[PDB]
Protein chains: 2
Amino acid sequence: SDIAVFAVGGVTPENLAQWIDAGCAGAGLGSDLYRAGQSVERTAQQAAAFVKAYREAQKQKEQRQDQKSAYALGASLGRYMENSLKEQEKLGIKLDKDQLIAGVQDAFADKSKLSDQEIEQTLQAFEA
Amino acid sequence: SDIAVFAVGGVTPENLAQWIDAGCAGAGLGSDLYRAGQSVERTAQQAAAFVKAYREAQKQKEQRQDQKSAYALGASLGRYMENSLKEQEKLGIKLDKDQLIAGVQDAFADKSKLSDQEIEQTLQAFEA
């Protein structure tokens, strides 16, 4: 797991993202960065491009990871609810499913049709 | 006459006017102003609405009263003239009615075709 793998050979600022996505810790850049006899200005240009591509690409990867981390959270709560419903069903209680989702959405969006106090007294009444 | 009557029950900032018009000295406001568990901000909003509705509505009522007070004044003067004409008719004088109204309108609008001096010497001549 801890061995760092570097792609070397035909890596470009455009494709760098795909190497990093595939599991490369980084890359060695040859002809696409420096070819013998190019200007210092070309070296500064290509090096800027690769740093940008890495950091932009790395940033994108981090954002994707964050998104994925956010994303499951929902699933675990959705399953939690699904299983609670099945528990309720065995006690003869069958909850309207669309409303349950509508509550989640509305509250998350700061537009719950119930006040926090209402929500709390309703759940207490539901217990009863 | 001096008993103050307060409407309580289903009074809104929208209908408050009609209660005040009907003879209510004021109103008690319950659920439409405060329901248990609403925010302090909602209380300030509804209370602002009712004060506005009262003062706007009260203002409208006062304006209507002023209008009514202005309005009769005319009637009493119109009757005064009508009766003076009938008096003149018995002396064999029949005044052009449209002109009489035209004088009232023009002068009131600051566009009398006669100067104040003219008006006064004409009335003196009419006496004769």
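Neighbour counts are summed over all protein chains in view; Cβ atoms, including those assigned to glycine, are modelled from backbone coordinates with ideal geometry. Only the coordinates and a few stated rules stand behind these numbers; no lab work does.
Put a point 7 Å out from Cα along the line to Cβ at A:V40; what are the distances to that point in the other copies, in nm, shortest first?
For A:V40, the other copies' label points sit at 6.6 nm, shortest first.
Between A:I119 and B:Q63, with labels modelled 7 Å along Cα→Cβ, what's the label distance in nm to one decimal, could you check?
Result for the modelled spin labels: 4.5 nm.
Mind checking the angle between helix A:116-127 and chain A's longest principal axis? C-alpha axes, 0 to 90 degrees, to the nearest 10.
60 degrees
At what distance in nm do the modelled label points of A:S84 and B:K90 sit from each other, each positioned 7 Å from its Cα along Cα→Cβ?
Result: 9.5 nm between the two label points.
Would you work out if the protein assembly as shown is rounded, prolate or oblate? Take a ≥ b ≥ c from the square roots of the eigenvalues of the alpha-carbon gyration tensor; rounded if a/c is under 1.5, else prolate when a/b is larger than b/c, oblate otherwise.
Note, shape of the protein assembly as shown comes out oblate.
Test of understanding: what is the full-extension gain from B:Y71 to B:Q99, defined as 0.36 nm times their sequence separation minus their Cα-Cα distance?
7.9 nm
Quick one: with label points 7 Å out along Cα→Cβ, list the inter-copy distances for A:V5 in nm, shortest first?
8.9
Tell me the angle of helix A:97-108 to the major Cα principal axis of chain A, expressed in degrees between 0 and 90 and rounded to the nearest ten.
Result, in degrees: 60.
Give me A:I119, B:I93, B:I3, B:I20 ranked fewest to most by other Cβ atoms within 10 Å of their Cβ, as a rough exposure proxy.
Final ranking by Cβ density, sparse to dense: B:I3, B:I93, A:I119, B:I20.
Taking other Cβ within 10 Å of each residue's Cβ, how do B:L73, A:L33 sort, fewest first?
Ascending number of Cβ neighbours within 10 Å: B:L73, A:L33.
Report the Cα centroid-to-centroid distance between the stretch A:54-128 and the stretch B:111-128 in angstrom, as an integer.
After rounding, the separation between the Cα centres reads 89 Å.
Give me the distance in nm between label points sitting 7 Å out from Cα along the Cα-to-Cβ direction at B:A128 and B:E41, one decimal.
Placing both labels 7 Å beyond Cα along the Cβ direction yields 8.2 nm.
Only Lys, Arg, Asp and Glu count, each charged at its Cβ (+1, +1, -1, -1), so figure out the dipole size of the protein assembly as shown about its Cα centre, rounded to 20 debye.
Computed about the Cα centre, the dipole is about 820 debye.
Rounded, prolate or oblate: which fits chain B when a ≥ b ≥ c are the square roots of the eigenvalues of the alpha-carbon gyration tensor, with rounded for a/c under 1.5 and prolate only if a/b beats b/c?
Because a/c hits 1.5 or more and a/b exceeds b/c, chain B counts as prolate.
Could you list B:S69, B:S1, A:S115 in order of exposure, starting from the residue whose Cβ has the fewest other Cβ atoms within 10 Å?
Listed from fewest to most nearby Cβ atoms, that is B:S1, B:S69, A:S115.
Select from B:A75, B:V40, B:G23 the residue farthest towards the positive end of the dipole of chain B; place +1 on Cβ of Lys and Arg, -1 on Cβ of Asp and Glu, and compute about the Cα centre.
B:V40
Using unit Cβ charges (K, R positive; D, E negative) and no other charged atoms, how large, in debye to the nearest 20, is the dipole of the stretch B:64-128 about its Cα centre?
Roughly 380 debye, rounded to the nearest 20.
If the only charges are +1 at each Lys and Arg Cβ and -1 at each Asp and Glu Cβ, what is the size of the charge dipole of chain A around the Cα centre, to the nearest 20 debye?
Computed about the Cα centre, the dipole is about 580 debye.
Rounded if a/c is under 1.5, else prolate if a/b beats b/c, else oblate: with a ≥ b ≥ c from the C-alpha gyration tensor eigenvalues square-rooted, which is the stretch A:58-128?
Cα axes put the stretch A:58-128 in the oblate bin.
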